[PDB]
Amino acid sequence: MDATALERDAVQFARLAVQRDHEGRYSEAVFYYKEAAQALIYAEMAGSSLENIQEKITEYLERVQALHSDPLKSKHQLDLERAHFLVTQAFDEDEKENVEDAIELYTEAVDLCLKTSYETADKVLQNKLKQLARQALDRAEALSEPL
């Protein structure tokens, strides 16, 4: 197998990988990108005169990393635990009729729920945060201005 036969295989592999890439069939496109790069790697070992070969190897392997697709979920798990904690504390002051602290704690929960919902695109998370903020604001206002 010489460079000329390896370069031609590399062209048929990449042509098939890009059309599967186009079709969103990303998992078989990884396979043919990996076959393409490997054909080129052997081709450079065989003395390939192709002038952009190293670039094209690197192109295809990067496309495999791009298609392969965290610490933000960690942050949001803790933010929710805090909102839950704040509301729980407020629940404590609420039942003990420590009205002023209950109001402060309910409204700090509000700020945390609205602020966290600007840090996400998950609309289901956004609404759950806004429903807890709405509920806590309602109760704070109930403690603050009894009708």
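One-based numbering along the sequence shown.
How much of the deposited sequence is absent from the coordinates between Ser69 and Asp70: none, 1 to 3, 4 to 9, or 10 or more residues? In the deposited sequence, 4 to 9 residues between these two have no coordinates.
33 to 41 versus 59 to 67 - which carries the larger mean C-alpha B factor in the record: The entry gives the higher C-alpha B-factor average to 59 to 67.
As stated in the PDB record, which stretch has the larger average Cα B-factor, 20 to 28 or 119 to 127? Averaging CA B-factors over each stretch, the winner is 20 to 28.
By the CA temperature factor listed in this entry, which of these ranks top: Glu51, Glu104, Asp94, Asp79? Each of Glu51, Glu104, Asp94, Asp79 was compared by C-alpha B-factor; the highest is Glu51.
Comparing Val110 with the other modelled residues of its chain, is its CA B-factor in the lowest, middle or highest third? For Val110, the deposited C-alpha B-factor lands in the lowest third.
Would you check the entry's CA temperature factor for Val87 and let me know if it's in the chain's lowest, middle or highest third? According to the entry, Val87 has a C-alpha B-factor in the chain's lowest third.
Select lowest, middle or highest to describe the third in which the CA B-factor of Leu143 falls within its chain in this entry. It falls in the bottom third of the chain.
B-factor third for the C-alpha atom of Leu6 within its chain: Its C-alpha B-factor, which the entry lists for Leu6, ranks in the middle third among residues of this chain.
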